[PDB]
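Number of protein chains: 2
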Amino acid sequence: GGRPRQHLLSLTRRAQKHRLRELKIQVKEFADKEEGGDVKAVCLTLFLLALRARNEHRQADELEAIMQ
Amino acid sequence: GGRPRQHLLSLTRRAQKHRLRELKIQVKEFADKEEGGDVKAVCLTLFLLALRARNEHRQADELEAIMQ
DNA sequence: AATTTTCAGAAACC
DNA sequence: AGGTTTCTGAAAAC
DNA sequence: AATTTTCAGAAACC
DNA sequence: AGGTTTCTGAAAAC
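Protein sequences appear in the order of chains A and A'. A prime marks a further copy of an entry chain.
Each residue of the first sequence is one higher than the last, beginning at 389 in the deposited numbering.
Each residue of the second sequence is one higher than the last, beginning at 389 in the deposited numbering.
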């Protein structure tokens, strides 16, 4: 069997980190090979584009206001 | 040769989208296989954890204030 | 609106 | 002139 | 602080 | 009791 997974956003940062770990690595590898190891800018843009792909322009704008 | 790349954050959303495209796919695949296709929550958490991994807790808190 | 791929052309490099 | 890759936008499709 | 991997135990499933 | 995977935190290292 195995313990059922909780939602990612309900987990401790610790447990969150443990689940994304394998993707965190893929992102790292990509950031290095293609974007000069700029994980922040990559994940930021992934998220922003992910928001705008959903027409959550208001939040996307607000995060953009936060980041400069 | 080839045209030199601009910084990801200076590009049009169009051009940004074109560069991350290959990683966008990897994220999609991961989100589907491991997080019930919840790209938003994945990228959000990747970014949040990426910020806190850099002790940018203030911004991380502010994005967390935005998202609920 | 968004998405996607295709077609074009200019721009920046060789 | 040619090459290339990147950037932009439009175009034609979902 | 952060990171990492290791060790533990409890928790939730079979 | 056993199994498993997940979650949490501590522990020992950078």
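Here a beta-carbon is modelled for each residue, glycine too, at the ideal position from N, C-alpha and C.
C-beta neighbour in chain A for residue i, strict 7 angstroms
i: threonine 400/A'; result: no
i: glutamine 456/A'; result: no
Any chain A' beta carbon closer than 7 angstroms to residue i
i: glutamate 450/A; result: yes
i: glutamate 423/A; result: yes
i: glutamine 414/A; result: yes
i: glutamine 394/A; result: no
i: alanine 438/A; result: yes
Buried or exposed (CB count within 10 angstroms, at least 16 for buried), residue i
i: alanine 403/A'; result: exposed
i: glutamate 423/A; result: buried
Own chain, CB closer than 8 angstroms to residue i, minus 5 neighbours either side, in chain order
i: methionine 455/A; result: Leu432
i: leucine 399/A'; result: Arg407
Rounded Cβ spacing between residue i and residue j (contact assumed at less than 8 angstroms)
i: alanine 453/A'; j: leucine 396/A; result: So it is not a contact: roughly 19 angstroms between Cβ atoms.
i: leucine 408/A'; j: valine 415/A; result: In fact, because the Cβ distance is near 10 angstroms, the residues do not count as touching under 8 angstroms.
i: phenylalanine 418/A; j: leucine 411/A'; result: 5 angstroms
i: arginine 401/A'; j: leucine 451/A; result: In fact, because the Cβ distance is near 14 angstroms, the residues do not count as touching under 8 angstroms.
Chain-order list of residues whose beta-carbon lies under 7 angstroms from that of residue i (same chain, five-residue window excluded)
i: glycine 389/A'; result: none
i: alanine 448/A; result: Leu436, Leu439 and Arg440
i: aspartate 426/A'; result: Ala419
The stretch 424 to 435 of chain A': which residues have C-beta closer than 8 angstroms to a C-beta of chain A, in chain order?
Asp426, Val427, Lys428, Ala429, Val430, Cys431, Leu432, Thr433, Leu434 and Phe435
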